[PDB]
């Protein structure tokens, strides 16, 4: 296989702003999820070359990962918290689309998704 370019983390055409919710999404939500023992499959874009997954980018056409999300938050890419939350959702959904119910990686995604929802419910207004 070959890898696609990773999702953009910079774009001068895009509106963006710093909000207190986006600051919390970096400092609390992302940085805590990152430390979970099940985070490692989700800390970078899927490297289809390294992993010998020539079908990954045939199935997943909107890739997303926490490495990309981290850089988007650090680089003030987002306009609001909802944009960032949608990237987390896309990441979890992709795992379920590409893998199978009952796979270890799916169990890992499910555990992180439940953690994420609890942390989103704890978002400041």
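Numbering follows the first chain given and starts at 1. In this text, rigid core is short for the largest set of C-alphas that superpose within 1.5 Å between two forms.
Comparing the two stretches 84-92 and 45-53 by root mean square C-alpha distance in 7 other deposited structures of this protein, with all structures fitted on the core, the more displaced one is 45-53. Note on 6-14 and 107-115: with rigid core alignment, C-alpha atoms in 7 other deposited structures of this protein sit farther from this form for 6-14. The stretch with the higher mean CA B factor, choosing between 29-37 and 54-62, is 29-37.
In this entry, 74-82 has the higher mean Cα B-factor, the comparison being between 88-96 and 74-82.
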